[PDB]
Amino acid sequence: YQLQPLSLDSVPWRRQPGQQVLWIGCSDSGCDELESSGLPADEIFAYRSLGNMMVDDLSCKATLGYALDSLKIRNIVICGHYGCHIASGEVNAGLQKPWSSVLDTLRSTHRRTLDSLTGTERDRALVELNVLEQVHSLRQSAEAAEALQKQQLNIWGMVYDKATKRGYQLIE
């Protein structure tokens, strides 16, 4: 995959004004990330969760369903953020399954990549890898797969950098 800086006036999830976007962000990020969204507040329907993840739970299924069925949303953005405390390091005792399982799988699946980086760069790669895995897994849901096959849904990944105050799209 590659990282492309967003231009706020041409974002892939706002090819036209006045539509709502489901924005999946992290609980230890904050409102600064939406300043990099290219979206006005009235176009943001935000689900803010542990590690900007969607897992196999009632909350994630009902939120996606409301967005697709009630709001007729055609764009989802999964926004990770550098410096995340959840998508970081090797372990966190207070983080339950399946959130902890998803991170453990990224750490094992990408052990070669992660081992070639040190500390801070390693956490940054985990944030990017989590965004890519969340986007891929959300496309593989029965409800998203049907919508994608009709060309009525796009799912996008980006990472917000609080140091540059910029978002970066994951192209891959």
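All residue numbers refer to positions in the sequence shown, first residue = 1.
Comparing the deposited coordinates for 133-141 and 44-52, the stretch with the larger average C-alpha B-factor is 133-141. In this crystal structure, the stretch out of 11-19 and 146-154 whose C-alpha atoms carry the higher mean B factor is 11-19.
By the numbers in the PDB entry, the CA B factor is greatest at 116 among 29, 59, 116, 37. Residue-level temperature factors show residue 123 in the middle third of its chain, judged at the C-alpha atom.
In the deposited entry, the Cα temperature factor of residue 76 places it in the lowest third of its chain's modelled residues. In this PDB entry, the Cα temperature factor of residue 102 sits in the middle third of its chain's modelled residues.
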